[PDB]
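Q: Provided hereafter are the protein sequence and its experimental coordinates.
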There are 6 protein chains.
Amino acid sequence: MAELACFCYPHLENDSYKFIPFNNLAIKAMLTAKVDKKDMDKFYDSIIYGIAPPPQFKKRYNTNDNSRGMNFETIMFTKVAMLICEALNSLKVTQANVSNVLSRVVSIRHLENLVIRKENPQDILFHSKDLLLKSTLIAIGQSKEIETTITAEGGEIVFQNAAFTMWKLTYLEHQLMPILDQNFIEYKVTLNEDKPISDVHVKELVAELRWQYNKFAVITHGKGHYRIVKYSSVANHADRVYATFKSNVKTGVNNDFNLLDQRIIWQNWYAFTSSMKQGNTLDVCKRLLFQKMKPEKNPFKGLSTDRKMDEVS
Amino acid sequence: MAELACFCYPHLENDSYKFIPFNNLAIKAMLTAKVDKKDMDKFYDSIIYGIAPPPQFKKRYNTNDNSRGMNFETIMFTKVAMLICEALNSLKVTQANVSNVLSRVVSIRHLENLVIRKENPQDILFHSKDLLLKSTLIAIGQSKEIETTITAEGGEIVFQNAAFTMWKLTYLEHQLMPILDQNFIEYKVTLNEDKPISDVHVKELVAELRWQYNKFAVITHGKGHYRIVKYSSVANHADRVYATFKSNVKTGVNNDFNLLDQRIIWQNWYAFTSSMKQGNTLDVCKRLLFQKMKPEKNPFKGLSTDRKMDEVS
Amino acid sequence: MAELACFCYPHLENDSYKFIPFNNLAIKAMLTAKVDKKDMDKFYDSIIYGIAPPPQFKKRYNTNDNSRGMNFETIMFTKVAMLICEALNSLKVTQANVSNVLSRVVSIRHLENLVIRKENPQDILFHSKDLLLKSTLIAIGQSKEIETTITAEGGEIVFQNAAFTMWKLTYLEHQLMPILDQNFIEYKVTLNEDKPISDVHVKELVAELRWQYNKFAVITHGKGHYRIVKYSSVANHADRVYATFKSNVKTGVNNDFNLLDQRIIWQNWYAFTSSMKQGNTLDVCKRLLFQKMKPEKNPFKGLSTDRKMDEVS
Amino acid sequence: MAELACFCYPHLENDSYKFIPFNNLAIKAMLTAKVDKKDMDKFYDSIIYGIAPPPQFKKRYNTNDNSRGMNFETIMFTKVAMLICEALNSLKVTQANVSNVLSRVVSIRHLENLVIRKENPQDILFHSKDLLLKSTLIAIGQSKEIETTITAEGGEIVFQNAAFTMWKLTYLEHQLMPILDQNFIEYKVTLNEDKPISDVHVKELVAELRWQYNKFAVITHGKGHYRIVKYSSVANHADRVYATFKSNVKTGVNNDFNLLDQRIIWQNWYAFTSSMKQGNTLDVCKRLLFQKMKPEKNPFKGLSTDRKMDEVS
Amino acid sequence: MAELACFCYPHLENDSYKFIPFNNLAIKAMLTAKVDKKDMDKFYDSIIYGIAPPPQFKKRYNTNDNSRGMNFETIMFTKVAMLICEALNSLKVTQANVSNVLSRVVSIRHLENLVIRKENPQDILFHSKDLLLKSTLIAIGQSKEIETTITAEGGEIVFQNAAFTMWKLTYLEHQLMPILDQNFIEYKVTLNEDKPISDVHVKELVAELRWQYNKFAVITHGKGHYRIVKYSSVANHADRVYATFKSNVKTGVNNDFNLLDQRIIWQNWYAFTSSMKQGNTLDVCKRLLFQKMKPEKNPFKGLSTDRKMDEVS
Amino acid sequence: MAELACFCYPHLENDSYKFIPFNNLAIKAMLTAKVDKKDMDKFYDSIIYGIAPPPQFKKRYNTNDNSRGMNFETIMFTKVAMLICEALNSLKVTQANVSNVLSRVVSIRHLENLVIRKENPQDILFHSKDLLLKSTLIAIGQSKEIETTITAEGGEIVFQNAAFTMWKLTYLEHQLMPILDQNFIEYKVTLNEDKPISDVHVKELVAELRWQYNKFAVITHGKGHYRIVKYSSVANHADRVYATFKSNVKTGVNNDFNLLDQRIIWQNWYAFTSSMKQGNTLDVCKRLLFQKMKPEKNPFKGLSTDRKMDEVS
């Protein structure tokens, strides 16, 4: 949600730019400041604690009368900012890229989960110093790779095939920006290797997404991995994928919606996304999300019964 | 599991019999006693605390080196024994019925749940003094009525139709005899009124037993209510309904297996019970419980999709 | 240990005497008083809290610089004093018996255990009002009865025959005068009915006193019940039974040592007590307590092996 | 109980094999995997946390619906695996021994007790680096030595002679695989030096195994040390020594049952083991374990009386 | 310190006056009120909680910015007010005495200690209903009696003669108005019966006031009992007895200073009080309190040595 | 109380002896051992934990059935043993001194207080490495110096003159061997510099030992410092100084009783010690300790009055 500027600021090192985090006490001194409408876009200078983000980012931090910001007063904020800076310092920035590299939108939950991944002494982001850089660059947005299992967000593995991996997103026990709804449950399926999947494996995946998580729809936000989210939410997700697609007339990213395997996606979401990709307006697209239909929406018929009978014995 | 003798003893009151509970300290004094094999079947007399159950009930109480008994040292034991005695004192017993009324098998969990029901100041067993007597007599076994909603065991209502009621059995947080497996989940469906159910109501029940609890099979132990238990258990239940049916060559109860509505019972369990009722041996009956089949096992096709589409909006 | 005067005082009610307890705050005011050696034997009058025991009982209560008294500041002291008074008020005392009824020696632990017995809603001292009077009169010393099971001290039944009963003395968790040694373990065997015991029962008792408690000697202090105490203590007990026997030249009690069944008592203690009863001096008696001997000290040979073989299967 | 493969896996280092432990998070990812019945015997590869034991070891780890595995999620699992690997890395393995060195059966409790021994800064396994290697190799099974006091399992010394040592096994307060029965008590006697014991020392041992632990039988599982276990268990031990002896037709170990000193072993167990060693079937062997007999089963008569008389004074 | 009006208000009952306490919530509503300087002396009427003391008593209750008031929000305030009202309701008041009976000065600590005395089920103020009335009337000031032991303030008896009684004032653990100095220790000696004391008793008192409390001076504030207070305070007491004596030109009480036994009072305080009683000014009186002198200030010489020698043995 | 052998053992290092402490687990293994009466005086060898003190020191350690030993299982035991060894390693011992250097009697409380002194980062035993050696050698007994302030035991300074220093002994909050009596209070006065004290300083000391601690007698055990202990104890101290003096016919120490300044010592103790030094028997010496007398026992008369008058102002 938040931009990259809320976490770090650029400091020109006479060849290229360095990036330095903020202090929570420098932000706290900015929420109380009184600056005029000529200096909202320039970084603030709290004499005692250093530089602070510009004042226009007021309503992005958890003040007294605010709850839609992030808990910047936490030990996790510093870790996430150090992660972002360590990533951006490797990637050399130029004098004409700074304004377009600190203005990108990132998911703070993704970054916090990467932090949690890199501190597990038995992970592989804890040993491999290059995999962590690749993961962080993918999360930031300055990379052209696809999020696979080895650089995925993280969570808790609840199913592992020879080609897929299901993670359970632990967004309730976060600190920097936890989910406030106490009824949140969500999963995601990431591919192990970017390559054509076989047919015996898609069946082992769908025979588990139908028996265990049957109250959950399989959708995708465009990139190369599926998201498992309950039906009573599929509405709000549609109104959130259409915005981003429509908010991409600002050409800084080419909106290349990667419609994944149709034998796995919910047929209604496949229809809606195919329409939205072909260039149809909103209200004619969401019409395809609420339309009842049962024409051939079961590729692999005779799956749940097999699981029942294998469970009995 | 335990008999009725473990909870109370008969005391002849010169017209008919009275029934009096035991003391936990009188039982504790019996587990340590040393009686010879002529007096195992006669009640014990612990000089200080009164009468105690016969010594042959040694391995029915939670000693130091035992865990398949009941926690008689608890405040719930006294409540359950008082309940049993208050029920049996109403029903007048004769000098030739005592040996056949304290030798019946009861479910201690059923009695404990009745106790929990009668102490809820907003129940109806808390006001109506006759409904509690009917419920307790049904639980004991000295009644010819069917367990309906108004005299059911109890638990926590998770679904209520116009004709059915689903209860969630809280067997883990019991005291007298809790379930030791920490993965126990089980439900039961009881009818509201003993009368023919309509067809629009069976559909509202099956449209909920297929969407929410899809990993659970619908079985029945013979009486007039369904039990919802997970598939990985349907084996052990079959080996437990066949014993009781086979252990009814001792004619004190006429084994009248009430096969309930076939549109609700799992078809495999319906076949197995119909066979066992027709008088076939065990191994040819359980053969019908593991046989894979999908010939017309969906009376109401097109139900889960309706629930999906009603959930989306 | 303490006398009966430490718990109650006599108040003349113009026909016979009444007995009234003390106040702990009246005793506390006496430990600080300053009385001259003419009024040590007369009751004290603490103006604010009433009468207090005579000052000569100074070193009988737990002061700051004392630990061989009793915890009179406890709720148990009041209960024990009320028990003693309720017993002595029934037994009518005369103007020439008061000085010889408050000068008797009692075991405070016995009285506290009686108190604990009478408050157990499932005892029989809790119902029968006459059994409690008999028990308390036996404990005080104004009765000519023998302590049987039904009026015994109390504890925790660890074995119950058809003729005997073993109790485990809980002297560590007392309040009025607990045992300070944290390695104290002791039992006592009381007879159920005062009558000749059979022979099949003495064998069931000795087959348990040899298998379970083999590190414990069976002794007796004179009255009609056995005491099971470990060998490393049998010395101090001998020096305590000989004193009481020798301190009975003051004829207020006829020392009638009831040597119990020789097939149960430790042969050394039987010899020592028989000698002391015949009128031999101390050092020639205790000579029989340390003399090694194995001439026919096993009446029932072949007992422990039977228990081993019954335990194996 | 568990094999050596559950703790470590071999990694070929181009001269011989290295051995590396597992990660608990790599095992947790294997219990959820879905592998086909061609790859059950090959190590698993959980992309994120590394290698994991083969899937055929499913029911060897404490899952949700399991309790007969080990608590692999504990800090003790890692210590035990590091111990096993440090032992096996010293002993050079060859390309034709790996399949027969990770398939051996070990006692996890033995290994955990060795771990507890090596971290006591005042032990000798804490200083001597070679004694720890000898102890661990004895525990694993790749050594031809006998477990003496200096390389024993461990516990708490409750008796120490000039030739023997009694340890009290603390199996209830373990973490990797504690005993679940809360009535477990067991001891073991190990020899100090492998050499002929004198006669004045066997008497000091038997005079303590008869006075203190009289409810305990002295048995042996074949190796060079005695085990003190209560009689109500001697049945289950017999059915467990006979299996291992009978399961040694697979010649990888020569079953050399070292019947220890007959003056110490329970005569029934000596007879049973001598029979089973001579090659008699089970039911004729266990016949000698339940047969009552008292022909000359007391070599040193007049021992307990000496202890009584030494305790009195 | 506080007046009697702070605790109760008069309500005319058409024959004489009744007295009713206040509510703490009615006082809290008065501290916030805004009354003009015509109604400071008339009782306040907080519409919701009733009558409240006049506003001129503002700085007599513990507000936020105050600590020299009393903790009126405590359960002790209500008890003390009920005590005062129960006393004043017995004593019939007339239409020309109300203004002079609620304007008296009382010691709140005295009243709180009386409350503590009357709730001790083993006191005598707990039984005798007339002694409590006498005590409370003495404390208030509407009685012509002398505070003896049986109606004394209270505390903890630390010494009791045949004629005196020493109490230890527990002013630190009060609630209504505790002493804030955490180094406060003070005693008082009250006479048992108002009658001439013997000579053997004054010696037993002075032989204890010289050995135990030697750092404490014996003074008196005028009434019939001694106060034991440490020397570093005898200054402030002198400046407090002289005020009250000088503030008695307002003749509502006849200042009759009862100089007690000169063999007990500190000679300097005896001289100072005799002077102040004869009618000398302050600075010439306090001159006699700091003058060093040792002419015959030991009536009973040879006392501490006797106590030493009695302590040795 | 304990000897030096209970803390360390000698190990011959081929030139002179080294000294090494014990392990608590090596002592625990010795209390359970079974050694014959030829090897009681030779060090024990617990195979697992090393050397252990000889078995004749059984009743010197806190077992289960013992309380007159020391808490060897504490972290303080190791510190005290390390202190003793570090002291004895400096002082070179010879092959004919070991038996007479580990047989000396030391006060364990003194050593524990030295340990507490050396770990205070603001002491001087924490900086000066030679003062700690001098202090420890004085405590052990291998030095010919007098305990002055700079090498004193320790405690809490409650008075400091220009020539004396009073310490308050904190023996209740020790760990290795605390005082069990909860009414223990004791002080000691040590000289600052070994040199003749003036006369204006002895007066400042006695004017404080008479005002504050008047219930305490000033005694001395022979060395160069006074001990302040309450009168009710002066008996037991006399029976303890006479033993040591009489137990010095074993000439390993020349009993040189240093009778200190007579103007400070209690005159009775001065008389008793002078007698015992002149060579009179016990019962004629203790006669001088209980004799009442007041002939010129006040050198500085007119001291307490000065303190009163200085306290008033």
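A: Done, it's in. Residues are numbered from 1 along each chain as shown, chains lettered A, B, ... in the order given.

Q: Can you tell me how far the closest residue to chain C within the stretch 51-200 of chain A is from residue A:113?
A: Of the residues in the stretch 51-200 of chain A, the one nearest chain C is residue A:173, at a distance of 45.1 Å by C-beta to the nearest C-beta. C-beta coordinates here come from the backbone N, C-alpha and C atoms, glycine included. Distance from residue A:173 to residue A:113, counting by C-beta to C-beta, to the nearest Å: 11 Å.

Q: Pop the domain breakdown of chain A in here.
A: Domains of chain A are assigned by curated CATH domains as A:1-145, A:152-312.

Q: can you list these in a markdown table and add mean neighbour count and distance to residue F:229?
A: Below are the domains of chain A laid out as a markdown table (neighbours: other C-beta atoms under 10 Å in any protein chain shown; distance: least, C-beta to C-beta, whole Å):
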| stretch | mean neighbour count | distance to residue F:229 |
| --- | --- | --- |
| domain A:1-145 | 16 | 57 |
| domain A:152-312 | 16 | 61 |
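
Q: Export those as a markdown table, with columns for distance to residue B:77.
A: Converted to a markdown table, these look like this (distance: least, C-beta to C-beta, whole Å):
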| stretch | distance to residue B:77 |
| --- | --- |
| domain A:1-145 | 49 |
| domain A:152-312 | 37 |
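
Q: Show me the one of those domains that comes nearest residue F:202.
A: Between residue F:202 and these, the shortest gap by C-beta to C-beta is with domain A:1-145, which sits at 61.0 Å.

Q: Please state the offset of the helix or strand containing residue A:25 from the chain centre?
A: Element membership of residue A:25 [criterion: DSSP states H and E] is helix A:24-31. Relative to its chain's centre, helix A:24-31 lies at 27 Å (C-alpha atoms, centre = their mean, to the nearest Å).

Q: what's downstream of that helix, the next helix or strand?
A: Toward the C-terminus from helix A:24-31 - assigned by DSSP H and E - lies strand A:44-46.

Q: Can you tell me which helices and strands that following strand packs against?
A: helix A:24-31, strand A:50-52 (3 or more C-beta pairs under 8 Å, 6 or more residues apart in numbering or on different chains; DSSP states H and E).

Q: near chain E, which residues of chain A?
A: Counting by C-beta under 8 Å from any C-beta of the partner chain, none of the residues of chain A come close to chain E.

Q: Next one: the residue of the stretch 51-200 of chain A closest to chain C from chain B, what distance?
A: In this structure, residue A:173 lies at 22 Å from chain B, with C-beta to the nearest C-beta, to the nearest Å as the measure.

Q: Can you check my assumption that that residue lies in a strand?
A: No. Using DSSP: H, G, I helix; E, B strand; the rest coil, the secondary structure at residue A:173 is coil, not a strand.

Q: so how far is chain D from it?
A: 17 Å.

Q: Then residue A:85?
A: Relative to chain D, residue A:85 is positioned 25 Å away (criterion: C-beta to the nearest C-beta).

Q: nearest residue to that residue other than its sequence neighbours?
A: Closest residue to residue A:85 in three dimensions, ignoring its sequence neighbours and counting by C-beta to C-beta, 6 or more residues apart in numbering or on different chains: residue A:19, at 4.6 Å.

Q: show me what contacts the one you found?
A: Contacts for residue A:19 (C-beta atoms under 8 Å, 6 or more residues apart in numbering or on different chains) come out as A:8-11, A:84-85, A:88-89, A:93.
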